[PDB]
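Show me how the following folds:
(9 chains)
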Amino acid sequence: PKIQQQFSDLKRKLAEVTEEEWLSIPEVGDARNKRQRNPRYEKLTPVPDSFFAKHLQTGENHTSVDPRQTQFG
Amino acid sequence: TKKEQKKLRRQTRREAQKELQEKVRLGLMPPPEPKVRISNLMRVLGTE
Amino acid sequence: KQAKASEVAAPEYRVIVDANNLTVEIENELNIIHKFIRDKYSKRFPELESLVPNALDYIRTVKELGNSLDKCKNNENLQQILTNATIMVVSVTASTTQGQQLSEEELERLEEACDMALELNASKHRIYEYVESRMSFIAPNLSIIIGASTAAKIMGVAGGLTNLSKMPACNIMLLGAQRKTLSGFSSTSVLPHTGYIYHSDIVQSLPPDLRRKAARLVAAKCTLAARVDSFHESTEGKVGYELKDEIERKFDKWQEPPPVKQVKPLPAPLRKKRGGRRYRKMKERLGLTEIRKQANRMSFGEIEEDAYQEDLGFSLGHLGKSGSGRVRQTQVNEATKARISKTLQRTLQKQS
Amino acid sequence: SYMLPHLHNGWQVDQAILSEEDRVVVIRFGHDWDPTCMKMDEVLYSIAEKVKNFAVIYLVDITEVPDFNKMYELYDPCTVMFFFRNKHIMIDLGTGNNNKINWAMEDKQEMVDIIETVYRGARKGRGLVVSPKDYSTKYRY
Amino acid sequence: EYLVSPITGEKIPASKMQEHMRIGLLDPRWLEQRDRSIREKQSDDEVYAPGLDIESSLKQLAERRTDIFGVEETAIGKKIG
Amino acid sequence: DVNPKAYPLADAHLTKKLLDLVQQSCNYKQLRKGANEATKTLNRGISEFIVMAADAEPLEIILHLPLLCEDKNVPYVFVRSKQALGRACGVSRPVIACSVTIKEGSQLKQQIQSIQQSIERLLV
Amino acid sequence: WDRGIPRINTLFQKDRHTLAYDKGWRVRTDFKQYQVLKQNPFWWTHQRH
Amino acid sequence: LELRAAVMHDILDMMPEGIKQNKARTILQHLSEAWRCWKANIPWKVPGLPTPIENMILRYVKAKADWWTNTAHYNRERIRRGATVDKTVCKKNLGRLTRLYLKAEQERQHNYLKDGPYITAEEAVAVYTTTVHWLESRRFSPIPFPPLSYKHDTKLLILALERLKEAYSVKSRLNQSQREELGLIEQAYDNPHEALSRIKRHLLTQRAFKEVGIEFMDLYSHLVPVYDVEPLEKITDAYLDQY
Amino acid sequence: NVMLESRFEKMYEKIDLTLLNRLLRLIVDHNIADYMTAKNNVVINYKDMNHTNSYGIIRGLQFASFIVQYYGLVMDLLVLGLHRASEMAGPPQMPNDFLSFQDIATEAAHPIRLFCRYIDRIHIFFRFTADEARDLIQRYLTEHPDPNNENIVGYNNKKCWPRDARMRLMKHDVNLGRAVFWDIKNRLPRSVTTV
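Numbers count the residues shown, from 1 in each chain, chains lettered A, B, ... in the order given. Structure data below:
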């Protein structure tokens, strides 16, 4: 029901926490290092010219075929 | 150690170059010239 | 038996040393009887040696399997010996042994060998139990660091405190390392390079990812404590307590929660830059090459055929479309050739 | 929604707008209990540390601080307004109201983009910047 | 133990010699970097409100919303019902 | 200077010579740092000799090394401080034992032989 | 010329002698959905084969 | 956001008010850290955390997790039924379902490890003998390890390299991981025999491998796993597949 | 005639690594098989989540297609029986074609007349005589009784077709379809895979 009804018993039980117990309560620190948290940067660096060369090389097929290549070779 | 020796050399070089650049900043030593060579003859002094 | 009954000029440690030399003698007799069992059994089911490398497990398996290989199926006693994966592997292999039966007198001889091997195993258990009981007197610091069963086992496998003292830490870490054949898995068996030290409760009471880092430290400190004890110094146990305190402090340091780390704000959405050999090279790498310049273009009104099914709209420009380019084919720039990093290269070199 | 600083009267709002000469003052007019305001405030809270070099975020309750309701037409549940050097920075979000963000933003990155665009455009003395994304639709499909 | 320093040459003994080798080779730029970090990381205004305002804001949120709190199920954003 | 169980304790001049030779062996990649590496070189007989510092707080952690040198016929002494041995070994951390090892056709032959002859003459 | 289900013009392809060693290419084209984070409309075929 | 506000208000009301007021934000830090630990299927335990605060945070995490799972499934059902929905909602739901699936998969792997193989060797023996009899009936000669002077070893290597390469063919903008993968492919193509030696060494000796990455492609009806393998192991695996 | 169209429920996930290693050693050198099965047992990661794929298979591996096809060949053997598998494939000297048989008599020697397996989807075409169908239905019903004629409630037919174009669920070919599915599902151990 009222969100603040499921936590009523725990809220009541919180009263037994001593004031010194309210002061240990460690600060939360991340566990991931300098590379995970703030990575330096990712450059783009376009594709090599060999990709275009091979794409245009795919083609200019042939003028003749060895009479040995069958329906599947 | 090797690391300590390299660190000492690096600190000495950095101190020397920093003092040299402060001297250049204060006119005591005229600003350095570009290190022109035969291969550098046309990148530094092309129009000349 | 006299020592245990009287456990309420002929000292105790002479008995201890004689017993510990008897342990290695027993181990040698155990390995020769294992040799005999393996040699005389590998004509019925010869593949088992390649499936169960442990000597005692092999002996128990040949005592249990015997000449009847129907006892690999619907047999609970194997589950007391082997892992389920290796049990199913040996069942699979025993389905296709290609090995003839054993003669009856051969079975009698092999059963006698198995029984004598088990007798020697029981004797080894009893003598190691006595050594473990006498730990506190015979090696106070080494027992302080790692229990009593672990210290007893490591010096029993090493051959006494004197033999263990002349051993480096990188080998004490490996006291009890079993072959541990991998059956399909990926050397995820926790025993590729682990021994009695790694399976000691002090190392096992850590997260599974710090356990090898803990085992190395424990082995080093155990080497130190064994060297301390080999001359019977620090009888009361100060050195062992200091080493254990150091080990526990280094273990707490590893599990100490990570420090509070600040969030880096975005710098600013907004100066002169140099130029030289590095700038020229980086500009040439990122420069728009003639082949890449020519793929940028596209003829007007000259409709190209849609090559490369997998992605329509992918089109070369004036590369080969017989449009307005040049007569000869364009050449690949060497500066655009893909290369690997410096760290990646050094890892590719350490791999060799 | 409660971690961000709150402005408790119109004078504090005016001083917060005036106190910044190098960061975009981002002010959320609305009620902390409103669902739309809480949705917007989660996003503003998640980016408040990331943009502290060029933006500051304040919250304002439009009942406890009612002076700007008629002035700024603060008659929507949530409203996000950008000021740069005592000047309201209009933004052409494509929603027909170039004066405010009167809805809840679902993305952490889109508000960072909007704040950075406002900052970069307003440094050049522009009263109206153009949002990098058109919000005339929701691209649901 | 009167030793010799490969940096200065003074007679530093056995134990404090090691620390000498950590201090005599300490980079002077480290001092400038640490002072720069102190000057840059301590002149920053707090992004979030202090604890006072967090407690107050949560209190007013509880007061202005009984859909999440209270025992009487009142309206969405009205006063105390 | 304090512990008498470190019996072959060298003098100052021999300490200088020995640390210098250890530095040269580290330069020639003939040095093995640490007690565990000294033990591993003992078991293979690939060691000319062994130097060990007499200042390990537990000293008996390096007295197995003399007993193994006796079994393998390897010269051994004690030096006065661990930090000097560590620095002589190219390691900022305190090294308590190092092993100068054999290498066929090396240029450090004569110095090693002389330091050995000096070493196996002070052992009493 | 462009007829036949293996496309008789594929006999003339430049790579015709280094494709004879590519076996099981349909299965790996189908399984490519588990390696690249994109849906391939021509998962069933291969233009060079 | 209502649950977090309620839990924070409840924990901060029991705060000793006048004696301490700077630790309001660390409570939120703990409340978010516990939720992140739940989302990562990582156990959450703070040493210095008092037991009542621990229990309140655990209750918050359980309530938020129940709502999170229910919202994930409801939204997935909405996406599947062709309902009109934003792109960002689909991406957030995909990220949510990835974590739910991987929690259910860690549980499945743990169950397999605890309960061992489910294949009860008798029927495993049946399957194996069936396969053995089939292969003997076909007179199938087992595939050998690739010989040193394997004639068309380089042809298979080139096929594997081109198969790996034909994923960046249209990706006009590269990436550091993609740049490294392309560099490895080019280095193996320019220097084929050393690459083949490395592949043979990996096949003979390598049994432990670096972790792979898992992503989910959303087909709006089911999630398709996509696995990112290390570029150095991909070359060996591609060659092995071709061979 | 009866067409069963199905797929092994979760083939990829329920592949034992140890059994896969032992099955692969029948085909390839043990080094290669050990390499592949070890490569399947790696750590799987998603942004903070890390587990170890100790049970299932990894589809993203390059050779995962080969492993899946071979493992599905094993299931094809389990379904067809060695005799029918050897008759469909024919003698190794002259292997059969796509769906051809050496002789007409060999084709009609078994209920299962056509069989195909896409990566994990099986299609089996049976042709039953008037007596074999009733014997199989009788065995299925003696195994699973159905006095209320409840077998039509769960039956699936393609709703894309009109009412008279799809399958008619009379009484006999519903029990026959259930019997065929039951008989095909029994020869697959549920531990390995299930339908």
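
Quick one: residues contacting the residue in chain B that chain F sits nearest to.
Nearest residue of chain B to chain F: residue B:1, at 5.2 Å (Cβ to the nearest Cβ). To be clear about C-beta, it is placed using only N, CA and C from the backbone, and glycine gets the same treatment. Taking Cβ atoms under 8 Å, 6 or more residues apart in numbering or on different chains, we find residue B:1 in contact with F:87, F:90-92.

One more pass at 10 Å, please.
For residue B:1, the contacting residues are B:7, E:21, F:86-87, F:89-93, by Cβ atoms under 10 Å, 6 or more residues apart in numbering or on different chains.

Please apply the same query to residue D:124.
Going by Cβ under 10 Å, 6+ apart, residue D:124 touches no other residue.

picking that back up, out of the contacts of residue B:1, list just those in helices.
Using DSSP state H, B:7, E:21, F:86-87 are the members of the contacts of residue B:1 that sit in helices.

tell me the centre residue of chain B?
With distances taken as Cα atoms, centre = their mean, the residue of chain B nearest its centroid is residue B:17 (6.7 Å).

tell me which parts of chain D are close to chain C?
Within chain D, the residues that sit near chain C (Cβ under 10 Å from any Cβ of the partner chain) are D:22-23, D:47-55, D:112, D:115-121, D:123.

try chain F
Residues of chain F lying near chain C (Cβ under 10 Å from any Cβ): F:5, F:34-40, F:42-43, F:56-65, F:67-68, F:71.

Most proximal residue of chain F with respect to chain C?
The minimum distance from chain F to chain C, using Cβ to the nearest Cβ, falls at residue F:36 (3.9 Å).

Sticking with that residue, tell me its helix or strand.
Residue F:36 is part of helix F:35-42, with elements assigned from DSSP states H and E.

Is that helix in proximity to chain B?
No - counting by Cβ under 10 Å from any Cβ, chain B is not contacted by helix F:35-42; separation bottoms out at 17.6 Å.

After that helix, which helix or strand is next?
Following helix F:35-42 in sequence order, the next helix or strand is strand F:47-53 (DSSP H and E).

That next one vs helix F:35-42, what angle?
Computed by axes from the mean of the first three to the mean of the last three Cα atoms, to 10 degrees, the angle separating strand F:47-53 from helix F:35-42 equals 160 degrees.

for strand F:47-53, packing partners?
If you count contacts as 3 or more Cβ pairs under 10 Å, 6 or more residues apart in numbering or on different chains; DSSP states H and E, strand F:47-53 packs onto helix F:12-27, strand F:31-33, helix F:35-42, helix F:64-72, strand F:76-79, helix F:82-88, strand F:97-101, helix F:109-119.

Parallel or antiparallel, list what pairs with the helix or strand harbouring residue D:91.
Residue D:91 is part of strand D:90-92, with elements assigned from DSSP H and E. Strand D:90-92 sits in its sheet next to strand D:128-130 (parallel), going by DSSP bridges.

For the closest residue to chain D within chain E, which three-state class applies?
Here chain E gets closest to chain D at one residue, residue E:57, 3.6 Å apart by Cβ to the nearest Cβ. Three-state assignment for residue E:57 (DSSP: H, G, I helix; E, B strand; the rest coil): helix.

so residue F:108 touches residue F:24, yeah?
Yes - using Cβ atoms under 10 Å, residue F:108 is in contact with residue F:24, at 6.2 Å.

any residues in contact with both of these two?
By Cβ under 10 Å, 6+ apart, the residues touching both residue F:108 and residue F:24 are F:30, F:100.

for chain E, what are the nearby residues on chain B?
Taking Cβ under 10 Å from any Cβ as the test, the list of chain B residues beside chain E reads B:1, B:3-5, B:7-8, B:10-11, B:14-15, B:18.

Just the ones of those residues in helices?
Among the residues of chain B next to chain E, the members falling in helices (DSSP H) are B:3-5, B:7-8, B:10-11, B:14-15, B:18.

wait, which of those is closest to chain I?
So of those, ranked by how close each gets to chain I (Cβ to the nearest Cβ), first place is residue B:3, at 34.7 Å.

ok now do the closest one, which residues does it touch?
Counting by Cβ under 10 Å, 6+ apart, residue B:3 touches E:25, F:90, F:92.

Determine which residue lies closest to the centroid of chain H.
Central residue of chain H (Cα atoms, centre = their mean): residue H:214, at 3.1 Å.

Is there proximity between the host helix or strand of that one and chain G?
Following DSSP H and E, one finds residue H:214 within strand H:212-218. Yes - Strand H:212-218 comes into contact with chain G (Cβ under 10 Å from any Cβ), by way of H:215-217.

helix or strand right after that strand?
strand H:223-228.

neighbouring contacts of that following strand?
Contact with strand H:223-228 is made by G:32-39, H:76, H:94, H:97-98, H:100-101, H:105, H:177, H:211-218, H:234, I:12, I:42, I:44-45, I:53, I:58-61, I:64, as judged by Cβ under 10 Å, 6+ apart.

What residues does the stretch 251-352 of chain C have near chain H?
Selection of the stretch 251-352 of chain C residues close to chain H by Cβ under 10 Å from any Cβ yields C:255-257, C:260, C:292, C:295, C:308, C:310-311, C:313-314, C:337-341, C:343-345, C:347-348, C:351-352.
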